[PDB]
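Structural features, examined
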Amino acid sequence: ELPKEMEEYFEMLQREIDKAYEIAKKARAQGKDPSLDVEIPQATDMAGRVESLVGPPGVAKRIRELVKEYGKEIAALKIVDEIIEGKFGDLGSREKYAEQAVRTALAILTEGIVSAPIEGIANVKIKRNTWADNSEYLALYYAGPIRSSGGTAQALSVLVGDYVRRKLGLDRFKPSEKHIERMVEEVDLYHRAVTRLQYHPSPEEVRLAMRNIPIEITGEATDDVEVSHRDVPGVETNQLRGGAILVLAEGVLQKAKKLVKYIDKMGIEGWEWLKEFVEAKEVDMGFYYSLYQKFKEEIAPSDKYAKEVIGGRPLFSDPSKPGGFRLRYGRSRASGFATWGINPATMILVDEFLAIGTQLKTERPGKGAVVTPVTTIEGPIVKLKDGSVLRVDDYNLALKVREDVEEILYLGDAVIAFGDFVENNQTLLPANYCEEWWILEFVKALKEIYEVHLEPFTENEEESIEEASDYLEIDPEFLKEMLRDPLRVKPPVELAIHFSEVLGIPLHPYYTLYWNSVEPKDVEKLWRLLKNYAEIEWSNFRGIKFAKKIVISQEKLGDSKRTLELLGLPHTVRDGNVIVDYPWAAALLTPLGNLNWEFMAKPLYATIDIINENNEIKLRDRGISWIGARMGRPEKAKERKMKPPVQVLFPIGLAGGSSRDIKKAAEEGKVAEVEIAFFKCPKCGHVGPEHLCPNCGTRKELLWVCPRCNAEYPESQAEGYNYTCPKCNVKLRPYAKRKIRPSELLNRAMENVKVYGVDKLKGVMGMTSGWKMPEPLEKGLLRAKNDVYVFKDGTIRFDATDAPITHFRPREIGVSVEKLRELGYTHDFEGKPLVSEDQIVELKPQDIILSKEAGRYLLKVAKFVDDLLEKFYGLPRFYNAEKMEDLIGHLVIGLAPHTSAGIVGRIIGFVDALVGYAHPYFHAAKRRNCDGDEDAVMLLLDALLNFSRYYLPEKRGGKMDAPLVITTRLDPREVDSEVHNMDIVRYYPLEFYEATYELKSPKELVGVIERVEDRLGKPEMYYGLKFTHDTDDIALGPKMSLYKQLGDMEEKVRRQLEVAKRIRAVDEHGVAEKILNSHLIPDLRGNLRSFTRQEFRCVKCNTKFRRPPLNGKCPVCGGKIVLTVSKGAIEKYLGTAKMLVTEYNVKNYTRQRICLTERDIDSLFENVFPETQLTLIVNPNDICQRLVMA
DNA sequence: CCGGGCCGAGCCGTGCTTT
DNA sequence: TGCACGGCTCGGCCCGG
Ligand SMILES: [Mg+2]
Ligand SMILES: [Zn+2]
Ligand SMILES: [Zn+2]
Ligand SMILES: [Zn+2]
């Protein structure tokens, strides 16, 4: 099976997990906790997760064998059949069987990670068609959490319900027309008043869907809005069913393609209507002129990403505008899942709005990505204040020259993986000329002419190197260097021209200017001026002449200076002369044949076409495909704290005040009345909210109370009574409203842990669970002492943005080679022994690289855990850390905010960025996509000691974010489906570049380029992956977004508009400000309409009155009444809006809207705030009065 | 010396909508 | 995508009559 390294890796991981689990089990046995054992079982594959989460017991082996035999979908269907026939045990009525089968099937088809089977499916019930035939059918009730599951999960739930209804021998749902009207109205109102829904079903589609769904999709109410078609038969509510309508909109409708694919694979009949719906939904010119025409015909610009711009979030490029982001096909070391590659220079030169991990909304491949530094690609070309043009391909140069920038001519490159085009099914765009194409042409031409076999990006035999160098008359060392790293070693321009002359290949892409960005008439005028009024110095190299310098005066150059800037030619202006220096004089004069032939404009021809037709040295289009993007959602790395911060899960009520301070209530002697669980000692008879009796140190028993007669029974007594009151007749409850004196409890806790010096200790107003079991106060004291905070289930968590990585360097993460060899790494990614810190090593699937904020916080968490173990439990310390670098080799838990299972990872290094780097398999095993998502990490021992299932809220969305099970091993076969499209090749073949020019589809050449899916099953899914582009440093560049250092809204808008003004391909003046105004106008108009219909509230109480009390004071107390929508909330964005209107070009519609909004704001308060104040000076150059008087 | 003026934390509420 | 903005109270310190 697996080789002798992956097995050792997984064995060591299991050994460490066992080492932690032993201590966690030993500590929990002493009885100071809700349970006497750990409450997080460990799974290993999908069957274990499904068995632990939904059951029924014993299903694991059956799932295993069925998956081995048939597959995934077929195995799910056979499991459903076996459950229905009753192999795993008798359950009860048909409803129980239906619920169990649907839950297990939805868990199997999902791989048992996301909590849709546990949370979304609230209930399954059988209903009768009393309106038509009195026949039976099946219905599904969807709760609130189903909106977080995803379209695939929702659609698969619908399909599983259909299959179970078919196999139960039940009839079809037959809706009345009023049902259709009610559902259409529900969808429309939900979109209008709640959310955008990210999908708009047309009413015809909704009617068709209702007419052709064999099950009833309903549920409880999730929004406080009534409907019109009330009292519909079979419906027990008259409010919005958000879960059901969201399922219907974003499931079967938004993801019909995947649903019909699943139906075809699954062999399910009766869904032909969906298949039909899906199939209905589905002269002498120049080469480059025709290519541009076909590009514009087939692939069309998209504006969806730029339909809205928030104040403070800049737009970096208009849709498919030349001068924006240059598209490059490839995958870097730390990109590929859904992220982009960006040079740090263009991160700096946009006022540092972009930072490592900052999300942005893209146009072509998908929608959204995360930026990552790649120093191997090109940067911006900028125009300075004195008129010079520079190529800022370097980070330090960008820092140096930042203040002199006048305009950004070109914005730089963006590396996008080929697997991102396959996943989103996007037509391939023609590829800009690059070094990774030139090197392939070079080696192919060398082989064709001289019959020498060489290969880029690797090491070749010495005989071939010597033969090629003898033929080409070059240094063999330089040939080896260039073939090894074509992206960093470039020949001098004269050598490039000599290569083009001899071998017959286009010019090196580094020395090609953007010729096709100008018209041939501009080049005609420029050629005339160069021939007439220029002084050029020539040179020689192997009989090849080339220019060395051009000096032409500014007046003689005239208005053709703009042409030199559009070609991206670096020059300088001195004492009236424009000077073009050595490397960039031949880059301009060689294509034009050194003025030997006359450039002449032609119709239906492009500049490169004319150059190729007339010249001997040939060229390729260097910029033809451009991309647009827009900023959104800056990067994040911060701890998790509840809406009011909490340090212990202990209810205090109103005694503690506004901050729920337990210590303040204790020090004032207050007595609080709250609902808690009381425990009673069997031997002596102590009573109170504690798990151990202080008198004797023995475990107590929970007390059960009668809701009607308040009779208390111990757990042993209530066990026989079947948890029902014999004297009364009501089901018991474990909690009742009781009285507590905080002083005694706090003093006992302080004496217990010897922690007396704590200032504040926050609790909760009321426990949300059904048991209302409280937490020990000693844990709260230690958390307060060590400055950490608690979560809803008792764990301490840290939230960060996720980014991918496959290969690392021992110096980027600050780890010595000896430590790495101790961890288990012994070779670099090419087979050589690991001896240096500059070699590239490959990352094992479950190794993570934390940030430094995360390390700083986890140091406090580890200190708290050590204090807990030493003081509360009386056991030796575990971590023993004094610096963040002492946590290396310790295990964490990763958890997405919508799943119920975790995955174990290992710490190996730290970076100085606000992102969480990890393997692509690690992020996919949490059902995450890596284009803006944020997840959590917690120490394994902390979760083991602290997590409990008795602190979980009792509503439906209470089991989300909880590690009910953890996975110990990684299986790439059952992680996700988007990560199966990634690339594992060192370089793209020549066929890919040649096929991009034909505008093919990525499905045609899916076999040419190796992907992850091509390796599934075989042992080398963990073994060898590769990348295309290298990086000097993985965390180089700005680290914090500038958006987080601006306070006012006006300042944000001004900075964003300056940024938009600098960039050439944005066109701020009329679209940026207008689309921005369509973000402040909703705020203004929507706050004036809520001032005239608002509810009032009391300062002391929380009582809300829908109309003001007519005595002016709170009827139930003595406090005063305050508004909920103040007067200053309406007109907070009025000044910025007026500035935007008066400064920039907006259509008269928006200007009139703003003027009338101001007039309406000043007219509603006409007789409550009269203008009794005169003034000295008036007319501050306003715009409203000017518009009125004009 | 004893009484105010003032800051700095905290905790609440709110973000287009034809008849 | 949700966060970003306004307003009310309540002590802890100066600083002055
Ligand atoms: Mg995502
Ligand atoms: Zn006792
Ligand atoms: Zn009773
Ligand atoms: Zn009141």
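Residues numbered from 1 in each chain as written, not as in the entry; some residues may be left out. Chains lettered and ligands numbered in written order. Part of a larger assembly, values for the part shown. Heavy atoms only, no water. Residues with missing side-chain atoms left out of burial classes, pairs and counts.

The PDB entry lists chain A under the name DP2, with Pyrococcus abyssi GE5 given as the organism.

Let's talk about helix α10 (residues 242-253)
The periodicity of an α-helix, 3.6 residues per turn, causes residues three or four positions apart to be oriented the same way. An ideal rise of 1.5 Å per residue puts 16 Å on twelve residues; α10 measures up with 16 Å between its terminal C-alpha atoms. With twelve of twelve residues buried, α10 is to be regarded as a mostly interior element. (Helix = DSSP H or I, 4+ residues; strand = E, 2+ residues; numbered from the N terminus. Expected span 1.5 Å × (residues − 1). Buried < 20%, exposed > 50% of the residue type's maximum accessible area, 1.4 Å probe, protein only.)

Concerning the coordination of the zinc ion (ligand 4)
On the protein side, the zinc ion (ligand 4) has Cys1098 (SG), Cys1101 (SG), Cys1114 (SG) and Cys1117 (SG) as donor atoms, found 2.3 Å from it. Relative to the metal, the four donor atoms surrounding the zinc ion (ligand 4) lie at angles of 106 to 114°, and the coordination shape comes out tetrahedral. On the primary sequence, the residues serving as donors to the zinc ion (ligand 4) are separated as C-x2-C-x12-C-x2-C. On the criterion of sequence distance, the pair formed by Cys1101 in the loop between β35 (1096-1098) and β36 (1104-1105) and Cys1114 in the loop between β36 and β37 (1121-1122) is long-range, its members being 13 residues apart. Taken individually, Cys1101 and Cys1114 each receive the classification buried, so the pair is uniform in this respect. (Donors = N, O, S within 2.8 Å, 3.2 Å for Na, K, Ca; no water. Tetrahedral: all angles 85-135°; square planar, octahedral: opposite > 155°, others 65-115°.)

Details of the sheet that holds strand β20 (residues 679-680)
Strands sit in the order β21-β20-β22 across an open sheet of three strands; the sheet is antiparallel. At either margin of the open sheet sits one strand with a lone partner, and together these are β21 (687-688) and β22 (701-702). For β20 and β22, the ladder comprises two bridges, and the chain directions are antiparallel. In the strand pairing of β22, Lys680 is matched with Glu701. (Pairing = 2+ DSSP bridges.)

A short note on the sheet that holds strand β9 (residues 389-391)
What the three strands build is an open sheet, ordered β9-β8-β10; its pairing is antiparallel. Every other strand in the sheet has two partners, leaving β9 and β10 (405-410) as the edge strands with one partner each. The average angle at which neighbouring strand axes cross in this sheet is 30°, direction not considered. Two strands pair when backbone bridges link them, and strand β8 (residues 381-384) and β10 are joined in this way by four bridges, in the antiparallel orientation. Among the inter-strand pairings, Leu384 is bridged to a residue of β10, identified as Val405. (Axes fitted to C-alpha atoms, helices over the stretch in contact; angles between N-to-C directions.)

What to know about the protein's contact with DNA strand B
Around DNA strand B sit 13 residues in total, of which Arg192, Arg660, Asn1087, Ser1090 and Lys1104 are the nearest. The sugar-phosphate backbone supplies 83% of the atoms of DNA strand B found within 4 Å of the protein. The contact in question runs from a phosphate oxygen of DNA strand B to an N or O atom on the side chain of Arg660, over 2.6 Å. In this structure, a base oxygen belonging to DNA strand B sits 3.4 Å away from a side-chain N or O atom of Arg1153. Considering each element in turn, the surface near DNA strand B owes the most residues, four residues, to helix α36 (residues 1068-1088). When grouped by side-chain class, the residues that make up the surface near DNA strand B number three nonpolar, five polar and five charged. (Near = heavy atom within 4 Å. Polar contact = N/O pair within 3.5 Å; in protein donor to acceptor, adjacent residues only side chain to side chain. Nonpolar A, V, L, I, M, F, W, Y, C, P; charged D, E, K, R; others polar.)

Quick word on a nonpolar patch on the surface
Side chains of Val283, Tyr289 and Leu604 sit close together on the surface and give an oily, nonpolar patch of about 320 Å² of accessible area. Following the sequence through the fold, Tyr289 ends up in helix α13 (residues 287-298). (Patch = residues over 30% accessible without salt bridge, like charges linked within 9 Å, V, L, I, M, F, W, Y side chains within 5 Å. Areas by Shrake-Rupley, 256 points an atom, 1.4 Å probe, with all protein chains shown as cover. Salt bridge = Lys/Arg side-chain N within 4 Å of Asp/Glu carboxyl O.)

Considerations on the packing of helix α17 (residues 435-450) against helix α19 (residues 476-484)
Relative orientation of the contacting elements α17 and α19 amounts to 130°, with a least axis distance of 11 Å. Regarding the angle of α17 to α19, the classification is oblique. Where α17 abuts α19, its residues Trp438, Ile439, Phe442 and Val443 lie against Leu479, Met482 and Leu483. The residue inventory of the contact of α17 with α19, partitioned by class, reads seven nonpolar, no polar and no charged. (Parallel < 35°, antiparallel > 145°, perpendicular 65-115°, else oblique. Contact = heavy atoms within 4.5 Å.)

Notes on the protein's contact with DNA strand C
Surveying the vicinity of DNA strand C reveals the residues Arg633, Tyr1043, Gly1047, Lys1120, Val1122, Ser1126 and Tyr1133. Here a phosphate oxygen of DNA strand C sits 2.8 Å away from a polar atom, N or O, in the side chain of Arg633. In the model, a phosphate oxygen of DNA strand C is placed 2.9 Å from a nitrogen or oxygen of the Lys1120 side chain. Grouping the amino acids of the surface near DNA strand C by side-chain chemistry returns three nonpolar, two polar and two charged.

Some details on the pairing of strand β11 (residues 412-416)
Most of β11 sits out of view: five of its five residues are buried. Pairing analysis gives five bridges linking strand β5 (residues 325-329) to β11, with the strands arranged parallel. Along β11, the bridge assignment pairs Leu327 with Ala414.

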